[PDB]
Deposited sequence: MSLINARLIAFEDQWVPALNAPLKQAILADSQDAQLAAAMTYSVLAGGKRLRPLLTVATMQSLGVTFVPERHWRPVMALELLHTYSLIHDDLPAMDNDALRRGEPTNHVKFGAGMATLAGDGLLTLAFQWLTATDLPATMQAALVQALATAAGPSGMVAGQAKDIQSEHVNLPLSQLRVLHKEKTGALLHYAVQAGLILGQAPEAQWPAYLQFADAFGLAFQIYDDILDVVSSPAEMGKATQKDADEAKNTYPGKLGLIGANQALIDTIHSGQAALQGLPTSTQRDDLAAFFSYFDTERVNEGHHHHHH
């Protein structure tokens, strides 16, 4: 399948705009040079910025204008948190990886101690950024509650815990779904949820947007599993192609994409919702072939 021209236009506008203030902001909110450099290193090493892009596309789809002085820190808090999860995931105690985002991993460059602290620093800074701007306190509190719920011991960290415990266990698919929903699903759910909070989405619209979000999070993970096989064994077993075969994984991807599209078709049509729908064109459903 092909990437939608809408999505190309959207990322060309937003990726550089979201990225530009990162280095100055992280440094401004730090009181240690090396810590600042370590946190920034992992954030700037690369990244599709899928999570904050989703937040912005959600906001736009609610007719709400992104204002950098009000919205940039809260939106990019999610990217700080996502980046922290990657630093800790690569650590010697965890996955013990040498490369991340095409660069040496944080601990290889700074030491395992400083890498651990860079992760802790980014996790914490995320909550400072959610509450750093002139947004209503009700909206700030809702963001914090949502992010902590998505990121913590019922969400991303629970998923990471399950991953430790499943390292040499061939999981049934039903159990793998629960793991995925915590480990990767929850921050993608939050990405959209944050846009609903910032855009003050009427309550009646929440189910359709969040069904879209959950479907996007599931498609993301199935595609990541597919990419692990096609692109450049016991943990390969706990993947969609590991459970279902490559064709079966790709059928799951196709079904999930359609399910998310169907969810959004519940809301009134608009060009901005067409932009949001177009995020599914990130997933090439012909990559298996």
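Stretches of the deposited sequence absent from the structure, as judged by C-alpha coordinates, are 1, 234-244, 302-309.
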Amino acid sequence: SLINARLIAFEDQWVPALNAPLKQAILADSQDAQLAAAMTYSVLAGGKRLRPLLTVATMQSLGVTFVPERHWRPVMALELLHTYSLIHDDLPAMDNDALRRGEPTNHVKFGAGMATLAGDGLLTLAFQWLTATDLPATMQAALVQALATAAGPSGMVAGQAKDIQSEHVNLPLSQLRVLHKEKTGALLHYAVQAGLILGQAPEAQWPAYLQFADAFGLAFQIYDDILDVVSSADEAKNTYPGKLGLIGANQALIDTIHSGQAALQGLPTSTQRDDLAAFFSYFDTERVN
From here on, numbers count along this sequence of modelled residues.
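Comparing 144-152 with 163-171, the higher mean C-alpha B-factor in the PDB entry belongs to 163-171. The stretch with the higher mean CA B factor, choosing between 233-241 and 59-67, is 233-241. Going by the entry's values, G111 shows the largest Cα B-factor out of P207, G111, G195, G119. Based on the entry's C-alpha B-factors, the most elevated value among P74, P136, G185, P92 belongs to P92. Ranked by Cα temperature factor within the chain, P202 sits in the lowest third according to the deposited record. Sort the chain's modelled residues by C-alpha temperature factor and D29 lands in the middle third, per the entry.
Sort the modelled residues of the chain by CA B factor and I222 lands in the lowest third.
In the PDB entry, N96 places in the highest third of its chain by CA B-factor. Annotation for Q211: C-alpha temperature factor in the lowest third relative to the rest of the modelled chain, per the entry.
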